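A quick write-up on the structure given underneath.
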Amino acid sequence: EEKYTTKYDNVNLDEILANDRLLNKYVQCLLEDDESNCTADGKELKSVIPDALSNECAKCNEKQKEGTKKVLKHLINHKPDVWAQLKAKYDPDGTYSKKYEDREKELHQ
């Protein structure tokens with residue numbers, strides 16, 4: 001499959017992390033008991049997020065390789081309560097999500 005730059009009707013990744021109103025819809029895609037919420041770019045973004053853990057995004061284009069890696073850090077800092085739902089489904093042993101969760105470690109002792 002071919003790949004292209006991250007633009008759709010004046011939206012980019014820089015607005016996704018900066019605009020939690022967008023971000024909350026993109027996370028609902030795997031946080032809720034339904035998946036009707038998964039946006040046109042959101043469904044692709046969330047589908048490569050676990051590939052950054054399965055194969056370090058080695059199959060990806062450079063925009064995804066940098067993109068999900070930067071977005072991960074913002075999401076754990078700005079959506080800590082919803083991030084705990086991502087890493088629980090995506091890393092049920094905490095073997096690799098803990099590597100950068102430690103920057104905030106929102107799970108109080």
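Ordering of the structure tokens sets the chain letters (A, B, ...); residue numbers start at 1 within each chain; ligands are numbered from 1 in the order shown.
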- Query: Can you list, as a VMD selection string, every protein, DNA or RNA residue that comes within 8 Å of range 29-32 of chain A when you count only C-alpha atoms, leaving out same-chain residues fewer than 5 positions away?
  - Reply: chain A and resid 37 to 38 42 to 43 82 85 to 86
Give me a file of those residues, with N, CA, C and O atoms, as a PDB file, in the first residue's frame.
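Here's the written file out_19.pdb:
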```pdb
ATOM      1  N   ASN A  37     -16.950   5.192  16.748  1.00  0.00           N
ATOM      2  CA  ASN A  37     -16.264   6.457  17.031  1.00  0.00           C
ATOM      3  C   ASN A  37     -14.947   6.635  16.247  1.00  0.00           C
ATOM      4  O   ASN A  37     -14.418   7.745  16.186  1.00  0.00           O
ATOM      5  N   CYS A  38     -14.390   5.552  15.689  1.00  0.00           N
ATOM      6  CA  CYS A  38     -13.074   5.536  15.042  1.00  0.00           C
ATOM      7  C   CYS A  38     -13.031   6.420  13.775  1.00  0.00           C
ATOM      8  O   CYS A  38     -13.578   6.056  12.730  1.00  0.00           O
ATOM      9  N   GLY A  42      -8.029   8.503  12.694  1.00  0.00           N
ATOM     10  CA  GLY A  42      -7.991   7.907  14.036  1.00  0.00           C
ATOM     11  C   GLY A  42      -7.880   6.384  14.049  1.00  0.00           C
ATOM     12  O   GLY A  42      -7.050   5.832  14.772  1.00  0.00           O
ATOM     13  N   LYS A  43      -8.661   5.703  13.203  1.00  0.00           N
ATOM     14  CA  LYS A  43      -8.616   4.240  13.031  1.00  0.00           C
ATOM     15  C   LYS A  43      -7.272   3.711  12.525  1.00  0.00           C
ATOM     16  O   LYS A  43      -6.879   2.604  12.884  1.00  0.00           O
ATOM     17  N   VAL A  82      -7.379   7.927  30.633  1.00  0.00           N
ATOM     18  CA  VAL A  82      -7.718   7.129  29.438  1.00  0.00           C
ATOM     19  C   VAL A  82      -6.525   6.309  28.947  1.00  0.00           C
ATOM     20  O   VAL A  82      -6.696   5.162  28.539  1.00  0.00           O
ATOM     21  N   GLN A  85      -6.299   2.786  30.166  1.00  0.00           N
ATOM     22  CA  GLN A  85      -7.180   1.874  29.419  1.00  0.00           C
ATOM     23  C   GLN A  85      -6.524   1.364  28.123  1.00  0.00           C
ATOM     24  O   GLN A  85      -6.657   0.185  27.788  1.00  0.00           O
ATOM     25  N   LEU A  86      -5.759   2.227  27.436  1.00  0.00           N
ATOM     26  CA  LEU A  86      -4.918   1.862  26.278  1.00  0.00           C
ATOM     27  C   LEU A  86      -3.896   0.798  26.692  1.00  0.00           C
ATOM     28  O   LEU A  86      -3.980  -0.342  26.238  1.00  0.00           O
TER      29      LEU A  86
END
```
Would you mind listing, for every residue of range 50-105 of chain A within 12 Å of range 10-21 of chain A, the two atoms forming the shortest contact and the distance between them in Å to one decimal, using only C-alpha atoms, sorted by chain and ascending residue number, as JSON lines?
```
{"residue": "A:63", "atom": "CA", "partner": "A:13", "partner_atom": "CA", "distance": 9.5}
{"residue": "A:64", "atom": "CA", "partner": "A:13", "partner_atom": "CA", "distance": 9.9}
{"residue": "A:66", "atom": "CA", "partner": "A:13", "partner_atom": "CA", "distance": 10.5}
{"residue": "A:67", "atom": "CA", "partner": "A:13", "partner_atom": "CA", "distance": 7.2}
{"residue": "A:68", "atom": "CA", "partner": "A:13", "partner_atom": "CA", "distance": 9.3}
{"residue": "A:69", "atom": "CA", "partner": "A:13", "partner_atom": "CA", "distance": 11.7}
{"residue": "A:70", "atom": "CA", "partner": "A:17", "partner_atom": "CA", "distance": 9.1}
{"residue": "A:71", "atom": "CA", "partner": "A:17", "partner_atom": "CA", "distance": 6.4}
{"residue": "A:72", "atom": "CA", "partner": "A:17", "partner_atom": "CA", "distance": 9.3}
{"residue": "A:73", "atom": "CA", "partner": "A:17", "partner_atom": "CA", "distance": 9.6}
{"residue": "A:74", "atom": "CA", "partner": "A:17", "partner_atom": "CA", "distance": 6.4}
{"residue": "A:75", "atom": "CA", "partner": "A:17", "partner_atom": "CA", "distance": 7.1}
{"residue": "A:76", "atom": "CA", "partner": "A:17", "partner_atom": "CA", "distance": 10.7}
{"residue": "A:77", "atom": "CA", "partner": "A:17", "partner_atom": "CA", "distance": 10.4}
{"residue": "A:78", "atom": "CA", "partner": "A:20", "partner_atom": "CA", "distance": 8.1}
{"residue": "A:79", "atom": "CA", "partner": "A:20", "partner_atom": "CA", "distance": 8.3}
{"residue": "A:82", "atom": "CA", "partner": "A:20", "partner_atom": "CA", "distance": 11.7}
```
Could you take the residues named above and write them with N, CA and C atoms, as an mmCIF file, in the first residue's frame?
```
data_model
loop_
_atom_site.group_PDB
_atom_site.id
_atom_site.type_symbol
_atom_site.label_atom_id
_atom_site.label_comp_id
_atom_site.auth_asym_id
_atom_site.auth_seq_id
_atom_site.Cartn_x
_atom_site.Cartn_y
_atom_site.Cartn_z
ATOM 1 N N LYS A 63 6.211 9.123 8.817
ATOM 2 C CA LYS A 63 5.206 9.986 9.462
ATOM 3 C C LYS A 63 4.532 9.293 10.642
ATOM 4 N N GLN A 64 4.219 8.007 10.490
ATOM 5 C CA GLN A 64 3.720 7.148 11.572
ATOM 6 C C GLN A 64 4.811 6.831 12.603
ATOM 7 N N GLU A 66 7.547 8.519 13.568
ATOM 8 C CA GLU A 66 7.690 9.689 14.444
ATOM 9 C C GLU A 66 6.374 10.034 15.153
ATOM 10 N N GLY A 67 5.252 9.981 14.427
ATOM 11 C CA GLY A 67 3.925 10.404 14.871
ATOM 12 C C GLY A 67 3.405 9.655 16.093
ATOM 13 N N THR A 68 3.221 8.336 16.027
ATOM 14 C CA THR A 68 2.686 7.602 17.187
ATOM 15 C C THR A 68 3.631 7.643 18.385
ATOM 16 N N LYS A 69 4.953 7.673 18.157
ATOM 17 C CA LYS A 69 5.987 7.836 19.196
ATOM 18 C C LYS A 69 5.869 9.169 19.948
ATOM 19 N N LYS A 70 5.717 10.303 19.251
ATOM 20 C CA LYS A 70 5.474 11.612 19.899
ATOM 21 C C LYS A 70 4.097 11.663 20.564
ATOM 22 N N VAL A 71 3.059 11.170 19.896
ATOM 23 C CA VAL A 71 1.662 11.205 20.376
ATOM 24 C C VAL A 71 1.478 10.409 21.661
ATOM 25 N N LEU A 72 2.102 9.235 21.761
ATOM 26 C CA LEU A 72 2.172 8.408 22.968
ATOM 27 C C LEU A 72 2.556 9.219 24.209
ATOM 28 N N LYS A 73 3.571 10.089 24.102
ATOM 29 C CA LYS A 73 4.126 10.849 25.231
ATOM 30 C C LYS A 73 3.168 11.942 25.717
ATOM 31 N N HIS A 74 2.549 12.648 24.770
ATOM 32 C CA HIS A 74 1.496 13.637 25.029
ATOM 33 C C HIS A 74 0.252 12.977 25.623
ATOM 34 N N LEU A 75 -0.208 11.856 25.067
ATOM 35 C CA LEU A 75 -1.406 11.152 25.536
ATOM 36 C C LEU A 75 -1.255 10.703 26.997
ATOM 37 N N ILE A 76 -0.122 10.094 27.367
ATOM 38 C CA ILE A 76 0.136 9.696 28.763
ATOM 39 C C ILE A 76 0.199 10.906 29.719
ATOM 40 N N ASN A 77 0.691 12.066 29.260
ATOM 41 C CA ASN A 77 0.732 13.310 30.053
ATOM 42 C C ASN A 77 -0.611 14.071 30.142
ATOM 43 N N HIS A 78 -1.433 14.049 29.085
ATOM 44 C CA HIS A 78 -2.641 14.893 28.943
ATOM 45 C C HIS A 78 -3.974 14.141 29.045
ATOM 46 N N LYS A 79 -3.951 12.824 28.845
ATOM 47 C CA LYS A 79 -5.060 11.879 29.052
ATOM 48 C C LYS A 79 -4.607 10.683 29.908
ATOM 49 N N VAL A 82 -7.379 7.927 30.633
ATOM 50 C CA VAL A 82 -7.718 7.129 29.438
ATOM 51 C C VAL A 82 -6.525 6.309 28.947
#
```
- Message: With only C-alpha atoms as the counted atoms, please give the residues lying no more than 12 Å from residue 1 in chain A, apart from itself and same-chain residues fewer than 3 positions off, as JSON, numbers by chain.
- Response: {"A": [4, 59, 60, 61]}
How would the residues just picked look written out with N, CA, C and O atoms as a tab-separated table (two decimals), in the first residue's frame?
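Output file again-v3.tsv is given in full below:
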```
chain	number	residue	atom	x	y	z
A	4	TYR	N	1.34	8.74	2.14
A	4	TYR	CA	1.33	10.18	1.84
A	4	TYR	C	1.42	11.02	3.14
A	4	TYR	O	1.38	10.49	4.25
A	59	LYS	N	7.54	-1.71	9.84
A	59	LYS	CA	6.73	-1.75	8.61
A	59	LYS	C	6.16	-0.39	8.16
A	59	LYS	O	5.60	-0.29	7.07
A	60	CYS	N	6.25	0.63	9.01
A	60	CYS	CA	5.61	1.93	8.85
A	60	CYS	C	6.31	2.86	7.85
A	60	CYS	O	7.49	2.70	7.53
A	61	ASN	N	5.60	3.91	7.45
A	61	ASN	CA	6.17	5.14	6.89
A	61	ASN	C	6.69	6.07	8.00
A	61	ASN	O	6.18	6.05	9.12
```
- Gap from CA of residue 23 in chain A to CA of residue 2 in chain A - Å, one decimal: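 Those two atoms sit 25.6 Å apart.
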Alpha helix (DSSP H) per DSSP on the backbone: members of chain A, as a short mmCIF file (atom, residue, chain, number, x, y, z; two decimals) with C-alpha atoms, in the first residue's frame:
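That gives us selection25.cif:
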```cif
data_model
loop_
_atom_site.label_atom_id
_atom_site.label_comp_id
_atom_site.auth_asym_id
_atom_site.auth_seq_id
_atom_site.Cartn_x
_atom_site.Cartn_y
_atom_site.Cartn_z
CA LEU A 13 -1.13 15.44 13.92
CA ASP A 14 0.06 18.72 15.56
CA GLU A 15 -3.65 19.60 16.15
CA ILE A 16 -4.53 16.02 17.42
CA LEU A 17 -2.35 16.21 20.59
CA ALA A 18 -2.95 20.00 20.97
CA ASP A 20 -8.05 17.11 23.35
CA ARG A 21 -11.58 17.59 21.82
CA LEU A 22 -10.23 15.67 18.76
CA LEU A 23 -8.12 13.31 20.92
CA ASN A 24 -11.10 12.09 23.09
CA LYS A 25 -12.92 10.87 19.89
CA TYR A 26 -9.75 9.09 18.64
CA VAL A 27 -9.33 7.22 22.02
CA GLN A 28 -13.07 6.33 22.32
CA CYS A 29 -12.34 3.92 19.41
CA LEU A 30 -10.73 1.41 21.88
CA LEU A 31 -11.94 2.75 25.32
CA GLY A 42 -7.99 7.91 14.04
CA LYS A 43 -8.62 4.24 13.03
CA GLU A 44 -5.23 4.16 11.22
CA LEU A 45 -3.36 6.02 14.05
CA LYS A 46 -4.74 3.64 16.78
CA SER A 47 -3.98 0.57 14.55
CA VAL A 48 -0.24 1.48 14.24
CA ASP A 51 2.79 -1.89 16.00
CA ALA A 52 5.26 0.51 17.74
CA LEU A 53 5.25 -2.20 20.52
CA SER A 54 4.96 -5.38 18.33
CA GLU A 62 8.31 7.85 8.62
CA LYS A 63 5.21 9.99 9.46
CA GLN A 64 3.72 7.15 11.57
CA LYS A 65 7.18 6.15 13.03
CA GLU A 66 7.69 9.69 14.44
CA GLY A 67 3.93 10.40 14.87
CA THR A 68 2.69 7.60 17.19
CA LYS A 69 5.99 7.84 19.20
CA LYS A 70 5.47 11.61 19.90
CA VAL A 71 1.66 11.21 20.38
CA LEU A 72 2.17 8.41 22.97
CA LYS A 73 4.13 10.85 25.23
CA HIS A 74 1.50 13.64 25.03
CA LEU A 75 -1.41 11.15 25.54
CA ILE A 76 0.14 9.70 28.76
CA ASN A 77 0.73 13.31 30.05
CA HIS A 78 -2.64 14.89 28.94
CA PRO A 80 -3.53 9.86 31.99
CA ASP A 81 -6.95 8.37 33.03
CA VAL A 82 -7.72 7.13 29.44
CA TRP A 83 -4.07 6.11 28.75
CA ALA A 84 -4.39 3.51 31.58
CA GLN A 85 -7.18 1.87 29.42
CA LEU A 86 -4.92 1.86 26.28
CA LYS A 87 -1.88 0.25 28.03
CA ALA A 88 -4.10 -2.30 29.87
CA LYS A 89 -5.49 -3.73 26.56
CA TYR A 90 -2.21 -3.12 24.64
CA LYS A 98 6.07 1.30 31.58
CA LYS A 99 9.25 2.52 29.68
CA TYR A 100 7.67 6.01 29.15
CA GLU A 101 4.63 5.90 31.53
#
```
- May I ask for the distance between CA of residue 5 in chain A and CA of residue 41 in chain A, given in Å to one decimal place?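 According to the coordinates, CA of residue 5 in chain A and CA of residue 41 in chain A are separated by 11.7 Å.
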- Message: Between CA of residue 49 in chain A and CA of residue 109 in chain A, what distance in Å does the model show, to one decimal?
- Response: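 Going from CA of residue 49 in chain A over to CA of residue 109 in chain A covers 27.5 Å.
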